[PDB]
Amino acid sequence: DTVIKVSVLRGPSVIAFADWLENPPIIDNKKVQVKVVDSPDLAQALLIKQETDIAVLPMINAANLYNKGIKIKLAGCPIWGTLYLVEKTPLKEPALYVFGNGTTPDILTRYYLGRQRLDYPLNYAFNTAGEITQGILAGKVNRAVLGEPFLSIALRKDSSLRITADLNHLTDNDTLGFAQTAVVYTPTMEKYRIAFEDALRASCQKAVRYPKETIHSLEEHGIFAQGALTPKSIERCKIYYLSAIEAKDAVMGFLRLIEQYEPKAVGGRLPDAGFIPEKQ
């Protein structure tokens, strides 16, 4: 092999990796090659087939694959801002529309509503964020949960719409929030783990420090439509890389929460200690 293949599930995690599209890092005389994939399913298939080396996909999938015996480990999490509640004023029909029934966004919305003692009726009519966005714009949806870029698009195209809550935290003292997104790697990547984490830290820093340039590059590479993201969109994504060792409590706490609602979503148990590399 002469390249390091990185598969990023389509979504806001590509923002953390943007500078690797712009300026692919070279590790051990291998170019790091980022490809956006359109579903967790497709991302999982690539990992199982050993057609990708590193993949970025939901933490619940990472846990499930690990529990099922797939040879991956968790490197860490690069993005911390994935779910926000939006509401229109005035609030006509009050159903809260939620995409991804049975998966992270749904479970976290249910958690938030319970914690805050709100009991809005959940509507699962739209399974995707894009569909929810369109429902807002067409007048069907007055309250919803969204992440970027759909959040930004909805806010732009309906200037009545407002963010009313941040759904990314276990508690108020939890400024870090949930480790909902996993960077996972295969065994031949162990020797490159620290090198790739170092480069990912740089890419994450660049997104945060140079958002306009980051957006510009993503647009040139066709990842997002022109004007879909703004620097505020990047701010809401809360881009920062933490190693799984450093974030072990945010990882296992998140997985435990999911398991309380839907144990099958993580494969029936919390991953054992081999999920995270040793400190060595």
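One-based numbering along the sequence shown.
Stretch comparison (124 to 132 versus 191 to 199) by mean CA B-factor in the PDB entry places 124 to 132 on top. In this entry, 45 to 53 has the higher mean Cα B-factor, the comparison being between 45 to 53 and 207 to 215.
For the set 220, 28, 235, 246, the PDB entry puts the maximum C-alpha B factor at 246. Across the options 34, 37, 65, 255, the residue with the most elevated CA B-factor in the record is 37. The entry lists a Cα temperature factor for residue 4 that places it in the lowest third of the chain's modelled residues. When the modelled residues of the chain are ordered by their C-alpha B factor, residue 149 lands in the middle third. Among all modelled residues in this chain, the alpha-carbon of residue 173 has a temperature factor (C-alpha) in the highest third. Sorting the modelled residues of the chain by their CA temperature factor places residue 184 in the lowest third. Per-chain ranking of the deposited C-alpha B factor places residue 158 in the lowest third.
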